[PDB]
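Next comes just one chain, in structure tokens: the form deposited in one PDB entry.
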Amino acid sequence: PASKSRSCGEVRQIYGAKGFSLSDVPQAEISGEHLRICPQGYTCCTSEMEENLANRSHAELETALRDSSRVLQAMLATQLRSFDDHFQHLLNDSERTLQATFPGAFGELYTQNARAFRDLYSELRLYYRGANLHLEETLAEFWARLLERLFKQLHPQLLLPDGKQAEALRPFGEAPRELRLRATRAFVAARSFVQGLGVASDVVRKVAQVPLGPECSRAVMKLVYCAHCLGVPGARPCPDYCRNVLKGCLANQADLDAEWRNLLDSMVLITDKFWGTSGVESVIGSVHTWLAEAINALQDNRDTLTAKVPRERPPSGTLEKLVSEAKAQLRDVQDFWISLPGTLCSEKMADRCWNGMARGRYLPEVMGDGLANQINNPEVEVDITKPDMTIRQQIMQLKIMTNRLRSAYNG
């Protein structure tokens, strides 16, 4: 009802098509005494209308927010499933390849020590799943016992009761060391990465449940439907206006920025540790190759030991493609918590525009990101001394996981 008409027709139709009584709409433009939210002036909105539209806009913002969150959560979840499943498959496939090829290559050497290898793979598996062990001692034990058994089997003629320190003549060659280093780096790398994906996923899932405040509700009502109430339903909110409003509403969520970026940075970094620097494939799916090399070494050092007294890394593999895609997706969503207002405004709510008093230009500067930066926010009045607890706990989770990944990166 501008341009020389006070008829509330369009406000009536819009308010009605939104599932509210058409009877509640005043026939013509009335006095605005009653308005709790919209600036007091001549309006087509009654109390019931204002409240209803407030509820509507609030619910709409909620829907948008949880939709975006749902997208992000879906992405992280699919990433998690993909990487976990692929690491497990690499290990399992290594084991199957060993079981299938070793009897031909080594015969009784392998077949009478199969449980040793199976046990080693089970230990590696437990180690990946997070059970608290480490490979140095486990592999050391493995190689000790394996050397014992293999030496016994090589020499049925001599009965050998017990303490063979002839080792570190390196009967198995360099393979035990290579396996030690590579497995130590790669498996904790993989585990920490997967753990990081899990943590990010849980953080998003939990943050999504943080409710919008009353201040935010009123500011959003003012942002969206106060244009309708003040006689300009065709008017749409100014981008910077919308952005200040949402920055006011989503300050707590925006406080996750620093630690989210830290976590995602360390997660991008840790993927490098999946491989070595020598142009060799990942040990996570090629343990059997090093085992086989160790056994070959032992065989061709059988005489010498007796003393009584790794295929090149493919240009592209599954893991590498997965890592590229993952790094793309993670670099893409590192800005999430502060990009929320911009994207939510750009997509849905937001060239002469509604500044919240009237149609026109919106002067005020866009606020910075984060709770503290909203102390002066003109559109939303936010108390900065009252942070949300859920957000804080999630930030702690991000801190912890990040530390885990930095340590994992170092070792």
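So that there is no doubt, residue numbering starts at 1 and follows the sequence shown. Definition used throughout: the rigid core is the maximal C-alpha set that superposes within 1.5 Å between two forms.
Keep in mind the form deposited in another entry is missing from the figure; the text below concerns it.
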Study note, to complete from the structure: Comparing between the shown form and the other one on the core: of 275, 87, 225, 241, the CA moving 2 angstroms or more sits at 275
Check your understanding: Rigid core fitted, is the C-alpha displacement of residue 214 between the shown form and the other one 2 Å or more?
Key -> no
Exercise for review: Would you say whether residue 258 is displaced between the shown form and the other one, judging by a C-alpha shift of 2 Å or more on the superposed rigid core?
Suggested key: no
Review point. When the two forms are laid on each other by their rigid core, does residue 205 show a Cα shift of 2 Å or more between the shown form and the other one?
Key: no
